[PDB]
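A single chain comes next, written as structure tokens; it is the form deposited in one PDB entry.
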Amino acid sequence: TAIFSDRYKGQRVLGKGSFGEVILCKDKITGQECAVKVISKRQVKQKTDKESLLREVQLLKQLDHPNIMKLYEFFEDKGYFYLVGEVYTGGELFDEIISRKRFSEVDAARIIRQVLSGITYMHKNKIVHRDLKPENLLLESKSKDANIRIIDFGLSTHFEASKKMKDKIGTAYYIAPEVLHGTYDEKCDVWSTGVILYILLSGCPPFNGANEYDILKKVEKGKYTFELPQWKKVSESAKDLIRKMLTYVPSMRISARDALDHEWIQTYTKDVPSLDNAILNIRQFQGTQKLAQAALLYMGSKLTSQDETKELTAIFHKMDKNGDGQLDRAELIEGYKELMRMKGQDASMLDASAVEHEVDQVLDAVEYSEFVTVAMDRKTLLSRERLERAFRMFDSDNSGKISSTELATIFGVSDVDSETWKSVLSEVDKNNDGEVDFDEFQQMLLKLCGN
């Protein structure tokens, strides 16, 4: 048994992924930068025993492929699992596709050839992804010709999926029908890739709906069509591959290996017009998915900040002996560390030295009542500006407003009941204009999480 904090130190928060938060860490001797996924044992349950998890981790470390994330180390303590691996800076595949001006079948074929090359390799080693989606397709670096890296391969076998809607955004579109009923094998990853290929060439999911349960209903039935006008500009071989990848019965569905030898992958990687209607639809889709996620994370961060404000105020009130409302530096460190000992250690706060630094950063700006307000506003600082940034990206015409039809789509992806947000809208919008600005939209989210 080795300790994580003795080998690695936290540098900055990279983001939130499946089963936990991702941190940019650095080796205290060699100085090698690494991405670390911190899985909380309280929030995430184990689907397998300790000996099964250690055997797969050991295998996953020895595996190597240019389109699969490299895992380096694994650590464990009383309340956490630390998966240490290679860090990628190119960002998510779909976030890059919306920034580029043109996109065609040659670009889509080059993307899916890499995804299949990685999936084929991991299938030969008896490892299944299960939760493959665009969010799990990161680009290795900030370049035009950057390789794709599939992340979280094999973690679904050992960790239970979250039931919280903030952790289930954009999952129902790509999940295979057999995974919903229980009997599934490695062919579920081909379906998930088939769905991604369908969106790359049209910009609309094949199985869609006004809410999570409606999307799963269409997926379970397994029916889709190429009746949208944008499919006329796409080739017949691209559609044939999608037909074979989105076959309902997994035994009849094409394998990852045979999908590489398909005429479409062989012809478009070894005329081709730009798919302009597809890029505009991927841009709208990505913006809608990111605003829905930012809304749920904003509502979540606000709720945790209220709980932590009252808990941190109760800790400092007990420590205040004379009752003057003031405390020393060393006292404030003991109280802030006590919050992590009671309400679970923070992802950014890797050790006691990280807490001492965070307390000093609050004291530079900032009376313990004033210290709580600043310390807790810095926790939400990322989620508040991410919501505003996501609202500005969603509002592509820069009108400053979001229509009622757009709210229904946003709240639909966030799985907020139709009658609940329409009732909350009436509490702020009393003139019924059928549209809201950012402040009004933020006020709706605050009312939805008890404010």
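Here the rigid core means the biggest group of C-alpha atoms that line up within 1.5 Å when the two forms are laid on top of each other. The first residue of the shown sequence is 1; numbering continues from there.
One more form of this protein should be noted, the form deposited in another entry, which is absent from this view; the next part is about it.
Per-residue Cα shift between the shown form and the other one after core alignment stays below 2 Å for all of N208, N125, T89, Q361 except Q361. Annotation: Cα of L382 displaced by at least 2 Å between the shown form and the other one, core superposition.
With the core held fixed, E331 shows a CA shift of 2 Å or greater between the shown form and the other one. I151: CA moves less than 2 Å between the shown form and the other one after rigid-core fitting.
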